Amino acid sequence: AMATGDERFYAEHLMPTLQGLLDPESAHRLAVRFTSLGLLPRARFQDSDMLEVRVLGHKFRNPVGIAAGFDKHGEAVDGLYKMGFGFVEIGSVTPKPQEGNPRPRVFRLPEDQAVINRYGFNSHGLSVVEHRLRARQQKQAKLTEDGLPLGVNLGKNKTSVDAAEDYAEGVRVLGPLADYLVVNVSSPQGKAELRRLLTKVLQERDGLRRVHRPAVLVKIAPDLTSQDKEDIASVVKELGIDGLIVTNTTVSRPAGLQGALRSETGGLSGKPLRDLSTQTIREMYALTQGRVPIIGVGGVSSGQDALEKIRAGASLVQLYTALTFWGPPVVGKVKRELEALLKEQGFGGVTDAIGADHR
């Protein structure tokens, strides 16, 4: 095909060449700019009905989303839908603008198909993002109605005494513009503090007018203890949290990393994260009895990777790191491969496969 043509050219030639000419953060900035300008192939993969998922109070035309981190400040949303993502998550957005950590803060491990980042929540801040989303609010309303929802990942400022108030500020400012909101949780009086935090976030969400009321999801790292996971599952069910995003990057360094930069501080993403992420999905699905929708993320670069997470319990998947190695054709690739595998494994669509390993 012409589709498999582009896939090969980008993966084997263009992306390696560009990544060899640009530092990783410059590559990221340029990518955002090109995406924001729509400088991308036309719609090659027309989405099958098999790929449609209904979850979180919304239609998702396909289950493959762009993970938080790529478009931190909501600059490239429209270009991301043009790239073929079924949904877009922006952020993390912090209340006040902040610069994040000193550069260099992004590192490529090409031998491992992995990245390490320590951006440190560099953010244009809620006000700038709010006005940016307001400018395209009705365009987004039609996109969401057509099965292309928008998520917003909310962060906190580095120097914040009150994490809960930062997240609450985010709910009030960007919740009215979002189909779902995300708050990242780290290691949990720990369970009680999580309950307190999430109660405050949900209260603020419930205070928004009904038409402008987003789903709230909790995003977890893969580095939590069993007890942490057990406590998160319990609190999520108790409070009626709408969903889980599983997982963020890992602070672990799995045996076998080859990249020269493997010992850089930060979160590791891509292929070495894949199976850690999948097994975290499997655990969270079981601990929530399959009642809490999961967005599966970490090392998805193929239809097989996507389907493994779906069968483990994910309703939707996200990727980012695969895009840094494969470029934009990876989205069409993942979707085509997923459709083919669904047919091969006897599923009528994505919905039927969700949690199939647990049955």
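We call the rigid core whatever largest set of C-alpha positions still superposes within 1.5 Å between the two forms. The first residue of the sequence shown is number 1, and the count goes up from there.
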Higher Cα RMS in 9 other deposited structures of this protein relative to the shown form (core alignment), 179-187 or 285-293, goes to 179-187
Core-superposed comparison in 9 other deposited structures of this protein: bigger Cα RMS shift among 192-200 and 72-80 is in 192-200
Here the number of deposited-sequence residues unresolved in the coordinates between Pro188 and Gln189 is 4 to 9
Mean B factor on CA atoms, stretches 4-12 and 350-358, record says higher is 4-12
Between 102-110 and 273-281, the record assigns the higher mean Cα B factor to 102-110
Of the residues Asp146, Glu89, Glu130, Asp242, the one whose Cα carries the largest B-factor in the deposited record is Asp146
Top Cα B-factor in this entry, restricted to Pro41, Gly296, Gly65, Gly303, sits on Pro41
Assert third(CA B-factor, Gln46) within chain per record equals highest
Of the three thirds of the chain ranked by Cα temperature factor, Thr324 occupies the middle
Quick tally, chain-level thirds of C-alpha B-factors: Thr250 sits in the lowest
Here the Cα B-factor of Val171, set against its chain, lands in the third termed middle
The third of the chain into which the C-alpha temperature factor of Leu177 falls is the middle
